Amino acid sequence: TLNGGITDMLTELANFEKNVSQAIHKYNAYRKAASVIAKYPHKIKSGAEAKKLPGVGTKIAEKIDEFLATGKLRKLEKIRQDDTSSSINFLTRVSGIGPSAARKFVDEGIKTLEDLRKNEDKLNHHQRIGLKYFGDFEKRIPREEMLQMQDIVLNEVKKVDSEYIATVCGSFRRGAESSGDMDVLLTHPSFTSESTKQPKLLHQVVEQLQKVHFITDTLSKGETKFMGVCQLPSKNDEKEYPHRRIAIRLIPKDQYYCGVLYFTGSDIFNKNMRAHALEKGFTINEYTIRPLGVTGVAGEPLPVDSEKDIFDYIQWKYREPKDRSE
DNA sequence: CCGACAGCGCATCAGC
DNA sequence: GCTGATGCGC
DNA sequence: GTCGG
Ligand SMILES: O=c1ccn([C@H]2C[C@H](O)[C@@H](COP(=O)(O)NP(=O)(O)OP(=O)(O)O)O2)c(=O)[nH]1
Ligand SMILES: [Cl-]
Ligand SMILES: [Cl-]
Ligand SMILES: [Cl-]
Ligand SMILES: [Cl-]
Ligand SMILES: [Mg+2]
Ligand code: NA
Ligand code: NA
């Protein structure tokens, strides 16, 4: 946190652009600016010293100069005072409600937690669960809790079928001391890029996790992706753990390294890496890395046997998960 | 300038 | 019912 | 909002 103030300001700017102006590129520019300034190993002394970083342009440079001078940003003062903005911004904190739905509620005059609660009949399922656990979802997960959750998830998966491999990814895999949610990569040998020799693969696991009351709620669910709610069991007389977001992603087993690379993140590191891929003439997704032909179209999956081969293809030295926290 | 800016699964709706 | 577009999240 | 060509 050499520049906690600056990166905070840009995050806020990013959030405003995304949630209020629905200007998704401004949002990503601000987020890239914050990321790169966050790993910059010096206390920034000026807008111009910042301009030197890539992703920091002129507009962001003046803003940073303004911030270093006054301790703030007037553009943000105004935004904070603007009732309709703060309301829309607030509503997009409920899982399942984004910039559009938030703006639509605020039009109807639904602009607070109280308002949301008494208009529940107006929410889709996801939004309704998001609201249920609003408070809990605001809380981070200490890694110590993640270790307990991991041990539950992996042991219950092994119980359904010892063939499953479940790998906790996301910020946990990058060694963070706390995580927003839990992201779990799932593989079984019956599901490859060549075939689905068994159905319900994800269902079974979800079912087993619900049966032991680990999974309490479902936000959305398909054949290969689950997003719902879970809870550590508490002890006698013991106060309950908060409810936690959980993602479970079933990926073809012969496509694990591309899968674990994707799910390990961070989201900004994934973006940078994939952008660099395109520059090298490749496209990377959670399944494969493919070459782009002159025409532009993606070719056939290159052979991959380690996270590192993907790094090799695009001429990046390997970065351990802990160093992918952008 | 000016186009590109990562990639995609699931829920919901429109239009048929 | 379907596909295609959009919203929302990982 | 920023950047590469
Ligand atoms: O826009 C996204 C979002 C997520 N992802 C990936 C990478 C990421 O680490 C993973 C899990 O997504 P999260 O939303 O859980 N972010 P993360 O786990 O890295 O941080 P945290 O959970 O601690 O808030 O899925 C993307 O590639 N693009
Ligand atoms: Cl934009
Ligand atoms: Cl400010
Ligand atoms: Cl792979
Ligand atoms: Cl693919
Ligand atoms: Mg996570
Ligand atoms: Na720059
Ligand atoms: Na939200």
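Residue numbers begin at 1 in each chain, while the letters A, B, ... track the order of the sequences.
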Q.
For the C1' atoms, the ones on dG9(C) and on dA6(B), what distance do you get once it is rounded to whole angstrom?
A.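 These two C1' atoms come out 15 Å apart once rounded.
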
Within the 4.0 Å heavy-atom criterion, would you say [X] contacts the bases, only the backbone, or no part of the nucleic acid?
X	answer
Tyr27(A)	nothing
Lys221(A)	sugar-phosphate
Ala23(A)	nothing
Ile24(A)	nothing
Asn28(A)	nothing
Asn124(A)	sugar-phosphate
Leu219(A)	nothing
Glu17(A)	nothing

Q | side-chain contact (heavy atoms from CB on, under 4.5 Å) evaluation trace for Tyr164(A) with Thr187(A) | A | CA-CA 6 Å; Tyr164(A) 285 116; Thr187(A) 62; over 6 Å; no

Ion pair [X]/[Y], N-O distance below 4.0 Å:
X	Y	value
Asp323(A)	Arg174(A)	no
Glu326(A)	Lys32(A)	no
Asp82(A)	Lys78(A)	no
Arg173(A)	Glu307(A)	yes

Q) Starting at the 5' end of DNA chain B and moving along, which residue's nearest nucleotide shows up first, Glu286(A) or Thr218(A)? A)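 Result of the comparison: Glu286(A).
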
Q | Comparing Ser220(A) and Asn270(A) on DNA chain B - which has the more 5′ nearest nucleotide | A |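 Nearest nucleotide further toward 5': that of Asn270(A).
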
Q. What are the bounds, 5' to 3', of the part of DNA chain B that sits under 4.0 Å from heavy atoms of chain A?
A.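 That gives a stretch of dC5(B) to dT12(B).
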
Q: Stems involving DNA chain B: give each as a range paired with a range, ordered by first number, where a stem means at least three consecutive Watson-Crick or G-U wobble pairs under 3.5 Å.
A: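 DNA chain B forms these stems: B:1-5 with D:1-5, B:7-16 with C:1-10.
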
Q. Quick one: which of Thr167(A), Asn270(A), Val168(A), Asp183(A) gives a side chain to side chain contact (heavy atoms under 4.5 Å, CB included) with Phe263(A)?
A.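 With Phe263(A) as partner, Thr167(A), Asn270(A), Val168(A), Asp183(A) yield a single side chain to side chain contact (heavy atoms under 4.5 Å, CB included), made by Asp183(A).
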
Q.
Any residue in residues 47-67 of chain A with a heavy atom nearer than 4.0 angstrom to DNA chain D? Just list them by number, or reply none.
A.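 Nucleic-acid contacts, sorted: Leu53(A), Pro54(A), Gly55(A), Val56(A), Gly57(A), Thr58(A), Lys59(A), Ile60(A).
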
Q) How are the rings of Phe137(A) and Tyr133(A) set relative to one another: parallel (under 30°), tilted (30 to 60°) or perpendicular (over 60°)? A)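 It falls in the tilted class, 30° to 60°.
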
(Q) Show the nearest heavy-atom pair for residues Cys230(A) and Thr216(A), with the distance to one decimal. (A)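 Looking at all heavy atoms of both residues, the closest pair is N-OG1, 4.1 Å.
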
Q: For the residue pair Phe214(A) and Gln208(A), establish whether any side-chain heavy-atom pair is separated by less than 4.5 Å.
A: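 With C-beta onward as the side chain, the pair stays apart.
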
(Q) Could you tell me if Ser95(A) and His126(A) have a donor-acceptor pair between their side chains, going purely by distance under 3.5 Å? (A)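 There is such a pair between these side chains.
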
Q) Given the cut-offs of 5.5 Å for six-ring centres and 30° for planes, are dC5(B) and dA6(B) stacked? A)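 No, the criteria are not both met.
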
Q. Looking only at side-chain N and O atoms, does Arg245(A) come under 4.0 Å of OP1 or OP2 in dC10(C)?
A.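 For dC10(C), OP1/OP2 do have a side-chain N/O of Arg245(A) under 4.0 Å.
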
Q: Start with the C-alpha distance between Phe90(A) and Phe134(A), add both sets of side-chain angles, then the distance that settles ring pair (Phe, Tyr, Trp, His ring centres under 6.0 Å), and finish with yes or no.
A: CA-CA 12 Å; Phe90(A) 171 70; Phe134(A) 178 55; 5.7 Å; yes

(Q) Major or minor groove: which one has a base atom under 5.0 Å from the side chain of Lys26(A)? (A)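 When the groove-edge atoms are checked, the side chain of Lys26(A) turns out to sit in the major groove.
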
Q: Check the distance between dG1(D)'s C1' and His25(A)'s NE2 and give it to me in whole angstrom.
A: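 Rounding to the nearest Å, NE2 of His25(A) and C1' of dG1(D) are 10 Å apart.
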
Q. Any chance NZ of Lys45(A) has more than 12 other-residue heavy atoms, nucleotides or ligands included, within less than 6.0 Å?
A.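 Result for NZ/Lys45(A): enclosed.
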
